[PDB]
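Below is one structure, written out as structure tokens; the observations come after it.
Residue numbers (the authors' numbering), protein chains in the order written: chain B, 694 to 757; chain A, 118 to 231.
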């Protein structure tokens, strides 16, 4: 909690053309005509098995 | 317009629009020059960029009516006598080299289709 205050103080200090360069996430087509600028987190789960419905990409690799 | 409607019909689960497209596919074989019937019909049911076939596209998108799509697709490829090349097709690009239609049915946890 103490280090999180120090990070947000330095982010209000730097100018605008630095702030656009240091931006997180990328635009992802989520649904029909919707773009929401999401963040990506990977994980591994072993205990619960199921058949996979409701995904976005069929090809599971990293694109390019 | 033929290759894209087949991929769209198999993925959503359109059973009846599949039988109308497959019967139109045989009609293009007769009224034609007719040189190489195995190498042409395998080319229509396969995307040339990645090597994905129609049977690979069926098992990636599991529908409630996907047990009949595999039954029609395996019945169709037998009288045209390209059963061997249709069941044993592979990807061709770098990131997925060697994945077969059997290798997708096991991961999607389909016992009776296996």
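Beta carbons: idealized from backbone N, C-alpha and C, even for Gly.
What are the partner residues of residue 719 of chain B, as DSSP defines its beta bridges?
Locating residue 719 of chain B in the first chain gives position 26, counting from the first residue. Partner(s): B/731.
Do you know offhand how far residue 701 of chain B's Cα is from residue 741 of chain B's?
Position 8 of the first chain, counting from 1, holds the residue named residue 701 of chain B. Position 48 of the first chain, counting from 1, holds the residue named residue 741 of chain B. Looking at the two C-alpha atoms, the distance is approximately 38 Å.
Would a check of beta-carbon distances place residue 179 of chain A closer than 8 Å to chain B?
Position 62 of the second chain holds residue 179 of chain A. Chain B, which has a Cβ nearer than 8 Å to the Cβ of residue 179 of chain A, makes this yes.
Quick one: is residue 212 of chain A near chain B, going by C-beta distance under 8 Å?
To locate residue 212 of chain A, count along the second chain from 1; it is residue 95. True, the Cβ-Cβ gap to chain B drops below 8 Å.
Could you say if the segment 132–140 of chain A and the segment 169–177 of chain A meet the contact criterion of at least three C-beta pairs nearer than 8 Å?
no
In the DSSP output, what is residue 163 of chain A paired with across the bridge?
Within the second chain, the letter at position 46 stands for residue 163 of chain A. Note: residue 163 of chain A sits in a beta bridge opposite A/170.
Which of helix, strand or coil does DSSP assign to residue 724 of chain B?
Position 31 of the first chain, counting from 1, holds the residue named residue 724 of chain B. It is a strand residue.
Nearest neighbour of residue 191 of chain A, chosen from A/162, A/211, A/167 and A/168 [CA to CA]:
Stepping through the second chain from its first residue, residue 191 of chain A is reached at position 74. Measuring from the Cα of residue 191 of chain A, the nearest candidate turns out to be A/162.
Return the residue from the list A/120, A/229, A/129 and A/122 that minimises the CA-CA distance to residue 177 of chain A.
Taking the first residue of the second chain as position 1, residue 177 of chain A is located at position 60. That would be A/129, whose Cα lies nearest to the Cα of residue 177 of chain A.
Which class does residue 216 of chain A belong to by DSSP, given the choice of helix, strand or coil?
Here residue 216 of chain A refers to the residue found at position 99 when the second chain is read from its first residue. Coil, per DSSP.
Excluding sequence positions up to five away, which residues of its chain have a Cβ less than 8 Å from the Cβ of residue 222 of chain A?
Stepping through the second chain from its first residue, residue 222 of chain A is reached at position 105. Excluding sequence neighbours, residue 222 of chain A sits near 176, 230 and 231.
Are there 16 or more other CB atoms within 10 angstroms of the CB of residue 125 of chain A, so buried, or fewer, so exposed?
What you label residue 125 of chain A is simply residue 8 of the second chain in a count that begins at 1. When all chains shown are included, residue 125 of chain A counts as exposed.
Can you list the residues of chain A that residue 751 of chain B reaches, using a CB-CB cut of under 7 Å?
Here the question's residue 751 of chain B lines up with position 58 in the first chain. Under the 7 Å cutoff, chain A gives 177.
Is residue 737 of chain B buried or exposed, if buried means 16 or more other CB atoms sit within 10 Å of its CB?
The count along the first chain starts at 1 and reaches residue 737 of chain B at position 44. Burial call: exposed.
Compare the C-beta of residue 746 of chain B with all C-beta atoms of chain A and state if any pair is closer than 8 Å.
Here residue 746 of chain B is taken as the residue at index 53 of the first chain, counted from 1. So yes, residue 746 of chain B belongs to the interface.
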